[PDB]
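In the entry's author numbering, the protein residues as written are 91 to 183, 201 to 265, 272 to 534, 543 to 634, 652 to 776.
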């Protein structure tokens with residue numbers, strides 16, 4: 091049986107459930123926990139979610155920091171909610204002045220102003236989610252709460274990080290045993306004592322608990338993964354590439370589940386469901402707090418998926434034409450940025466905006482920060498690389514637009530590598554440490570959550586120059602399908618961090634007898667930030683769907699981004715089924731499923747990325763919030 095294999099032995103087996111994008115992944119790893127606890131396994135289900143997903147999906151306050159046993163069932167089950175930001179960083183946390208008389212006292216007070224002690228105390232980025240699952244193995248081999256027969260994991264949506278933190282710990286671990294025996298003033302630059310042996314003795318064990326992680330995922334006996342994906346086309350080949358990893362890094366992956374499939378019998382119930390969502394959300398779009406001032410547009414759902422240049426021109430009449438295209442009014446230049454989580458087809462809108470006022474007399478560059486080749490699939494032209502490309506599909510006619518694609522991961526490493534290029546010799550002058558600190562100076566440029574793309578944006582802000590300053594009048598951005606949009610004013614303090622460090626280095630550069655390299659980064663961001671609070675030339679667009687959850691989220695970000703200051707003047711609701719052809723919507727989405735099921739069943743056979751073992755999960759017509767509902771949803775699927 092499908093389930094029988096997951097509950098076979100008393101030999102502790104860790105179930106992992108990995109996927110992306112609200113597939114009900116929580117609701118099905120919860121079912122699996124329950125239906126396993128029904129089989130006799132003392133079982134623990136854990137989620138690393140600050141939204142406390144395991145709690146709302148269990149209907150108990152299981153969201154305590156340690157594993158808590160549930161009230162109200164004779165069924166043996168434990169849930170664990172782990173705090174990433176607090177707990178993980180918590181385990182991490201004579202007077203001979205005679206140099207003053209050599210005048211050294213000016214150079215020593217400029218190095219202590221680099222506060223390299225801090226940079227050693229900054230716990231490396233990624234630590235929390237790296238040690239999350241190691242904390243899980245504590246309570247189970249500890250058995251202080253109970254002997255756990257199986258463990259079920261709700262993983263964060265989509272192994273490299275445990276080695277990154279392994280490497281950032283060694284870099285910091287390598288430096289402290291070099292400081293255990295050191296001259297008294299050298300330690301003064303770090304604020305470190307004589308005997309370093311108390312801190313390294315525990316810095317290593319934290320490094321070893323990151324290593325047991327990498328050894329667990331590989332562990333052929335305890336561990337096993339299961340992928341979870343919604344039947345969409347993109348979701349299948351996204352999961353196809355996920356398994357590619359699981360076969361390389363030796364991680365056993367034996368099952369894939371597909372949730373949110375429409376069944377044949379009860380497919381007619383889906384539309385009654387889907388509609389009341391759209392009714393509720395639009396009632397809120399009409400009435401939501403703070404949505405009042407910004408302009409609103411309702412788009413009726415995609416006729417046939419927009420993959421063409423002409424298709425993009427007709428889409429332009431749908432969103433911006435029957436409703437007002439009076440965006441075009443203003444100064445000679447316009448900066449248009451569009452954003453939204455992945456799935457709304459904002460690129461189809463984003464692309465359709467450049468095309469619309471291409472032939473209207475306006476030369477307009479569309480910039481895509483989507484690394485998935487959106488623009489290359491949206492105009493159907495393979496617009497690759499960073500430099501602009503002309504657009505060739507139409508019947509011979511004026512095309513005043515272009516489109517450039519910036520990998521944001523490639524735009525970040527493009528930037529970090531620039532900083533690889543005297544003061545080095547001085548630090549190296551007591552013992553060789555330049556290689557370590559340079560890399561560790563960058564431990565303070567990865568901390569930001571969604572910056573890789575802001576790099577890609579400020580790159581083209583500065584592209585205002587005689588080669589282009591004359592060429593383009595309006596430009597339109599296509600943010601990647603993530604949380605680009607930063608609603609809290611971290612702009613000036615990510616900017617100050619830059620000054621804080623470009624002013625701290627000017628303090629030691631003048632003492633050793652570069653920083654204007656950080657001046658290029660200083661003015662470029664300030665040139666980007668200049669076009670963000672620009673009221674006349676710049677305005678924003680946020681693309682969303684009538685699923686009520688995703689709708690209030692689009693206000694949750696609207697109202698907060700408003701008092702931030704950024705002019706966000708339009709929201710788009712791109713995929714609105716309409717009832718007169720409600721029959722066709724069902725008939726279409728039903729096919730988009732089994733049409734994509736074909737694409738998975740045709741995956742190269744069983745070599746690597748596979749057709750390994752399939753689990754079809756019917757449509758979540760009910761809230762699964764109750765513990766019995768999960769017992770039901772679990773015997774349906776497993």
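Where a beta carbon is used, it is the ideal one built from N, C-alpha and C, also for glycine.
query = Secondary structure at residue 586, three-state DSSP: helix, strand or coil?
reply = Numbered from 1 along the chain shown, position 465 holds the residue referred to as residue 586. Residue state, collapsed to three classes: coil.
Residue 329 vs residue 336 beta-carbon contact at 7 angstroms = Along the chain shown, one-based indexing puts residue 329 at 216. Along the chain shown, one-based indexing puts residue 336 at 223. Yes, Cβ-Cβ distance for residue 329 and residue 336 is below 7 angstroms.
ask   = How would you call residue 242, buried or exposed, if buried means at least 16 neighbouring beta carbons within 10 angstroms?
value = Mapped onto the chain shown, residue 242 falls at position 135. Label assigned to residue 242: buried.
inquiry  = Judging by CA-CA distance, which residue of 420, 580, 105 is the nearest neighbour of residue 256?
reply    = Numbered from its first residue, the chain shown carries residue 256 at position 149. Minimum Cα distance to residue 256 is reached at 105.
ask   = How would you label residue 392, buried or exposed, when you count the other beta carbons within 10 angstroms and need 16 or more for buried?
value = The count along the chain shown starts at 1 and reaches residue 392 at position 279. So residue 392 counts as exposed.
Cβ-Cβ distance between residue 747 and residue 357 below 7 angstroms = One-based indexing of the chain shown puts residue 747 at position 609. One-based indexing of the chain shown puts residue 357 at position 244. Yes. Within cutoff.
ask   = If you check the beta carbons only, do residue 345 and residue 352 fall under 7 angstroms apart?
value = Here the question's residue 345 lines up with position 232 in the chain shown. Here the question's residue 352 lines up with position 239 in the chain shown. Contact flag unset, no.
query = So does the region 570–581 actually touch the region 316–331, counting three or more Cβ pairs closer than 8 angstroms?
reply = no
query = Who are residue 251's beta bridge partners in DSSP?
reply = In the chain shown, residue 251 corresponds to position 144, counting from 1. Beta-bridge pairing links residue 251 to no other residue.
ask   = Alpha carbon to alpha carbon, how far is residue 547 from residue 299?
value = As a working mapping, residue 547 is identified with position 426 in the chain shown. As a working mapping, residue 299 is identified with position 186 in the chain shown. Each residue's alpha carbon lies about 12 angstroms from the other.
Burial state of residue 205 (16 or more Cβ within 10 Å) = Here residue 205 refers to the residue found at position 98 when the chain shown is read from its first residue. Exposed, since its Cβ has fewer than 16 Cβ neighbours within 10 Å.
task = Helix, strand or coil for residue 608, going by three-state DSSP, please let me know.
result = Taking the chain shown and counting its residues from 1, one reaches residue 608 at position 487. Coil, per DSSP.
ask   = With which residues is residue 261 paired in a DSSP beta bridge?
value = Residue mapping note: residue 261 aligns to position 154 of the chain shown, counting from 1. Answer by DSSP bridge pairing, in chain order: 107, 137.
request  = Could you tell me whether any Cβ in chain B is nearer than 7 angstroms to the Cβ of residue 255?
outcome  = Absence of chain B from the displayed structure is noted, only one protein chain being present.
key: Rounded separation between residue 201 and residue 297 - CA only   = If you number the chain shown from 1, residue 201 lands on position 94. If you number the chain shown from 1, residue 297 lands on position 184. Going from the Cα of residue 201 to the Cα of residue 297 covers about 8 angstroms.
task = For the beta strand (DSSP E) holding residue 477, just list the boundary residues, first then last.
result = Position 364 of the chain shown holds residue 477. Note, residue 477: beta strand (DSSP E), 477–481.
ask   = Which residues does DSSP pair with residue 682 in a beta bridge?
value = Sequence index remark: in the chain shown, residue 682 carries index 544 (1-based). DSSP output for residue 682 lists 711 as bridge partner(s).
task = Would you list, in sequence order, the uninterrupted beta strand (DSSP E) runs of no fewer than 3 residues that lie entirely inside the region 327–404?
result = 336–342, 366–374
message = Quick check on residue 731: buried or exposed, where buried means 16 or more other Cβ atoms within 10 Å of its Cβ?
response = By 1-based counting over the chain shown, the position of residue 731 is 593. Counting Cβ neighbours within 10 Å, residue 731 comes out buried, since at least 16 surround it.
request  = To the nearest angstrom, report how far apart residue 275 and residue 706 are at their CA atoms.
outcome  = Position 162 of the chain shown holds residue 275. Position 568 of the chain shown holds residue 706. In a straight line, the C-alpha of residue 275 is about 39 angstroms away from that of residue 706.
task = Could you tell me how far apart the beta carbons of residue 373 and residue 693 are, in whole angstroms, since I believe they sit closer than 8 angstroms?
result = Taking the first residue of the chain shown as position 1, residue 373 is located at position 260. Taking the first residue of the chain shown as position 1, residue 693 is located at position 555. That pair is no contact at about 24 angstroms.
inquiry  = Mapping the DSSP letters down to three states, classify residue 747 as helix, strand or coil.
reply    = For the purposes of this step, residue 747 is taken as the residue at position 609 of the chain shown. Coil at residue 747, not helix or strand.
Residue 595, buried or exposed, once every other Cβ within 10 Å from all chains shown has been counted against 16 = Start at 1 with the first residue of the chain shown, and residue 595 comes out as number 474. Answer is buried; the Cβ neighbour count reaches 16.
ask   = Counting pairs of Cβ atoms below 8 angstroms between the region 129–138 and the region 165–175, do you hit three or more?
value = yes
message = Buried or exposed, going by whether 16 or more other CB atoms sit within 10 Å of the CB of residue 306?
response = Along the chain shown, one-based indexing puts residue 306 at 193. Classification of residue 306: exposed, given that the 10 Å Cβ count is below 16.
query = Do you know whose CA, among 234, 157, 657, 265, lies nearest residue 112's CA?
reply = The count along the chain shown starts at 1 and reaches residue 112 at position 22. Out of 234, 157, 657, 265, 265 has the C-alpha closest to the C-alpha of residue 112.
ask   = What do you reckon, are the CB atoms on residue 600 and residue 448 nearer than 7 angstroms?
value = The residue you call residue 600 lines up with position 479 of the chain shown. The residue you call residue 448 lines up with position 335 of the chain shown. No, these two residues do not count as a Cβ contact at 7 angstroms.
request  = Answer with buried or exposed for residue 610, where buried requires no fewer than 16 other C-beta atoms within 10 angstroms of its C-beta.
outcome  = Here residue 610 is taken as the residue at index 489 of the chain shown, counted from 1. Exposed, because fewer than 16 other Cβ atoms sit within 10 Å of the Cβ of residue 610.
message = I'd like to know whether the C-beta atoms of residue 462 and residue 681 end up nearer to each other than 7 angstroms.
response = The count along the chain shown starts at 1 and reaches residue 462 at position 349. The count along the chain shown starts at 1 and reaches residue 681 at position 543. Taking 7 angstroms as the Cβ cut-off, residue 462 and residue 681 qualify as a contacting pair.
ask   = Per DSSP, what kind of secondary structure is residue 620 in: helix, strand or coil?
value = Stepping through the chain shown from its first residue, residue 620 is reached at position 499. Residue 620: helix per DSSP, three-state reduction.
ask   = So what does residue 190 bridge to, in DSSP terms?
value = This model leaves out residue 190; its place in the chain lies between 183 and 201, and no residues are given there.
query = In whole angstroms, what separates the C-alpha of residue 738 from that of residue 776?
reply = If you number the chain shown from 1, residue 738 lands on position 600. If you number the chain shown from 1, residue 776 lands on position 638. Going from the Cα of residue 738 to the Cα of residue 776 covers about 20 angstroms.
message = Using 7 angstroms as the threshold, is the C-beta distance between residue 573 and residue 525 below it?
response = Counting from 1 along the chain shown, the entry for residue 573 is found at position 452. Counting from 1 along the chain shown, the entry for residue 525 is found at position 412. Against a cut-off of 7 angstroms, the Cβ pair of residue 525 and residue 573 comes out as a contact.
task = Compute the distance between the beta-carbons of residue 516 and residue 469, then report whether it is under 7 angstroms.
result = Numbered from 1 along the chain shown, position 403 holds the residue referred to as residue 516. Numbered from 1 along the chain shown, position 356 holds the residue referred to as residue 469. No. Outside cutoff.
request  = Tell me whether residue 605 is buried or exposed, calling it buried when 16 or more other Cβ atoms sit within 10 Å of its Cβ.
outcome  = On the chain shown, residue 605 is found 484 positions in, with the first residue counted as 1. With 16 or more other Cβ atoms within 10 Å, it is buried.
Buried/exposed call for residue 239, threshold 16 Cβ in 10 Å = For the purposes of this step, residue 239 is taken as the residue at position 132 of the chain shown. Burial call: buried.
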